[PDB]
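Participant: Once you've had a glance at the structure underneath, I'll fire off some questions.
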2 protein chains.
Amino acid sequence: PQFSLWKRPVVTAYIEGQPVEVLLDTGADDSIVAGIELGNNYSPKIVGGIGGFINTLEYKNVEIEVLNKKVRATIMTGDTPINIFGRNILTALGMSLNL
Amino acid sequence: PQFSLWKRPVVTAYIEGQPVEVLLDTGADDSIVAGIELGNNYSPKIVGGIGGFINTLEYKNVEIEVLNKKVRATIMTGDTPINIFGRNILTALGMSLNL
């Protein structure tokens with residue numbers, strides 16, 4: 001598909017079967033998701049953006065289906081105002097920015 | 001041109017004759033640059049991020065040259081770790097995210 005950017009590039013994904021609305025984000029190195037519990041095999045992390053820093057919990061090899069594709073990808077959970085799939089996932093979908 | 005996203009999508013833009021490196025950012029509504037001075041025709045803005053909010057100064061109709069094109073866009077100035085071109089600049093340019 002094509003996202004033309006007049007509006008935000010927002011889709012629904014399934015993360016281990018749970019439906020989440022996520023923002024496709026070329027400006028995020030990582031993917032961060034608020035309000036889902038991925039269990040106990042995590043490593044605590046710090047990520048920055050505009051406005052400071054967050055403590056996240058890093059989960060490896062999590063199962064996602066989005067845009068009718070299926071990937072296993074690293075997901076961080078933390079207190080974010082918007083769930084973002086960053087370049088770790090965009091690349092695995094084979095997505096590019098074109099002009 | 002095509003951006004693969006294996007590395008952050010970072011280009012040199014000129015904003016009123018001045019060279020800067022900017023991340024092309026699909027998850028940013030607006031465009032924020034640190035270390036420009038654009039003057040006194042400004043309106044103060046609040047812009048939400050992942051970490052918190054920043055106060056910025058917004059300027060309308062700024063002349064920008066990037067990727068061998070020239071555009072007039074709204075640019076906000078402030079304390080951002082990295083310089084962002086958001087969707088207001090990507091759609092002016094005609095860029096899309098493709099799958």
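By convention in this document, the chains of the structure tokens carry letters A, B, ... by their order, each chain's residues are numbered from 1, and ligands are numbered from 1 in the order they are shown.
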Based on DSSP run over this structure's backbone, return all residues of chain A in strand (DSSP E or B), as an MDAnalysis selection string.
Facilitator: chainID A and resid 2:3 10:15 18:24 32:33 43:49 52:66 69:77 84:85 96:98
Participant: Pull out every residue of chain B sitting within 12 Å of chain A, counting only C-alpha atoms, and send them as a PyMOL selection string.
Facilitator: chain B and resi 1-10+22-34+46-56+66-69+78-99
Participant: When distances are computed from only C-alpha atoms, which of A:35, A:11, A:44, A:16 shows the smallest separation from residue A:70?
Facilitator: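 Of the candidates, the smallest distance to residue A:70 is held by A:16.
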Participant: Would you pick out the contacts of residue B:36 at 9 Å or less, using only C-alpha atoms, so that residues sharing its chain but fewer than 6 positions from it are not included, and give the list as number ranges by chain?
Facilitator: B: 15, 18, 77-78
Participant: Identify all residues of chain B in helix (DSSP H, G or I) (DSSP on the backbone) and supply them as JSON, numbers by chain.
Facilitator: {"B": [87, 88, 89, 90, 91, 92, 93]}
